[PDB]
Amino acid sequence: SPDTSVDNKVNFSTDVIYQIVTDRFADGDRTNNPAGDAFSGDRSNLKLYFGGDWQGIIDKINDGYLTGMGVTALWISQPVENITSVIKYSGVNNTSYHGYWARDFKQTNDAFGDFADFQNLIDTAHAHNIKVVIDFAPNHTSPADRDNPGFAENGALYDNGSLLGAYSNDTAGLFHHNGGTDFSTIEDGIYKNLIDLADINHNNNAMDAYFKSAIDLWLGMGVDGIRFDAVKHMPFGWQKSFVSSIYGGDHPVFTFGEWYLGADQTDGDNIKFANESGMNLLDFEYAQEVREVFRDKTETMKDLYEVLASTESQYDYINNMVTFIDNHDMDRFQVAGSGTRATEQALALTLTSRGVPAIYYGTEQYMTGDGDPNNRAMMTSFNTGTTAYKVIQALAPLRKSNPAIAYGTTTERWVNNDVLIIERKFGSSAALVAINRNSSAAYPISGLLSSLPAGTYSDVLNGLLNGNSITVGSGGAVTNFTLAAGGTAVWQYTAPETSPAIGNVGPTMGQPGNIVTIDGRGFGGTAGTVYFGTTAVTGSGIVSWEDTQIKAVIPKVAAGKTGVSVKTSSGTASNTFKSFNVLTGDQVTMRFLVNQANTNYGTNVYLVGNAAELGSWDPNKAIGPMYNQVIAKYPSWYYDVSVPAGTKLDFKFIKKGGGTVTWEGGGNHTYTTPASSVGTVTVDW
């Protein structure tokens, strides 16, 4: 019912995610353990199955290990059936333990359990108010070789046991056959194989339908969130249409994707994906910068806040960034022969910061290991007494209880090279967080200002990380104190909101008829009005209404970016959630292709049309730059675009750069989009 409820599948900023590599977390059922070469009994080969399953997770929920930490969501390995064959790479045996080598997206990986096991995991988690997020990897199926059918499983794809087809002899065109990618461009990495992985062709209608069906299966079993694998290597348009189909169905859920960024890297396409796909993102800029600041000491606190500010400016839905300090693919945050205080401070900062915190399993046990196999060792122990465990336990519930943590702005209150003092603020609630990474020197803090009411505040950590109490006078003036070496402290004030305040609106994208969720404070107990721009949604369009959450139906309003506001039964208006993207209607994925479009160096072909999805004839909102290399070759340009289904589209192609805008010749192009299926249209310049 409320924003903090486990039933709120759509918004996650009040949550704390715990990422589990299923096979490496706990073996609760040795019966479903793979036999033979696929299994490593003595755990000497980190590429084989160890035996971790869903039963183990269940046990760790029941005996209180996971619940004691205050984690409220579990992000687990892809649950779908994987190949069961052992593949040798460079002499070493490899299995599908990681769950990314899919065989059947409508069945379970028997090593993890069966559908009854999975339903029991969902049920146990939900019973303990814990959400369940699954990894989902629709980019590919498994390692394959066209001219060598005997290798691996040949990337075979089954539909509930029924063979849809393999990489060799792909008469249907289920997969891409454009070779392997060199990661030189986005385009090259989208329509080619990642290493040997059989790249799915989502322009094939059977595949679009198949994956929509599969994900609807898993959501139908009560899954609360999806982590999309390799979103950088699938078309933007297809993914937009896909999550659009999810949002328009029975189970709107929180979605976020993996778009890798290196250290000190910002990427316009990454930003555009986060802002306009309808899917959110793992926060790699945050992660890398925190690693640099606390773990490697190649950056300072000042740099860190600069990244906080720049990400704040870049991303439109900053409360949806899934933050983290490491992951299966990174070196463990704990360096062998290093203090554990680094980990603890990084954790505190993450737990109190904007977005959706995600904690990699074993982090609280200071597990070490560099590289893809070594960072995925078996869970070392379930010690509840570690300092990191207690840090998570102390700070995670604040995301539920304090609106400043979950929805608040972020403000720099003090900065050294060694010291970061940040304030989160939401209405009358606030949280002040102080961190000193210097392990030898304490820093006197004087002249600190806050939004905390007068009075004394104790450290929420209770000095667990050498934190201290503070006294606050009038005007938010904090009386002088000394931040101890390696010190970390959290002070906070939660107040009841007496005026409507929106913290988040999910999903961020939808067609008329979709149910959106609006979380916040002071909405009142009686149904008011929900506004999309100036367009009003009255009581019938209100699915539900209470003080911290409103569920409403998207009204038939002009498509495009739109502010969402709220008005109480009294008639009191709220703040406005910026940039909610209203869709024209249900979406299909159209491949636009245009031939004989010649351009000089520096000029690109773009697409404009009469729908908002096509920019509404605005060349600044044009779709592009289009591709000209893999699916089709220059001077042919192509692009996969999410467009309204069953809609008569009018459109032109343009040439930009300079921008000397050049429009196409004479009359517009006209095409009627398929009602349900993906499609392709081909024209000449």
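The first residue of the shown sequence is 1; numbering continues from there.
The PDB entry records a higher mean C-alpha B factor for 556-564 than for its counterpart among 298-306 and 556-564. In this crystal structure, the stretch out of 130-138 and 155-163 whose C-alpha atoms carry the higher mean B factor is 155-163. Of the residues listed, 377, 441, 92, 200, the entry assigns the biggest Cα temperature factor to 92.
Note on 52, 64, 70, 36: the highest value goes to 36, judged by CA B factor as recorded. In the deposited entry, the Cα temperature factor of residue 57 places it in the lowest third of its chain's modelled residues.
When the CA B factors of the chain's modelled residues are split into thirds, the value for residue 523 lands in the highest one. In this PDB entry, the Cα temperature factor of residue 449 sits in the top third of its chain's modelled residues, the highest group. When the modelled residues of the chain are ordered by C-alpha B-factor, residue 578 sits in the highest third. Per-chain ranking of the deposited C-alpha B factor places residue 284 in the lowest third.
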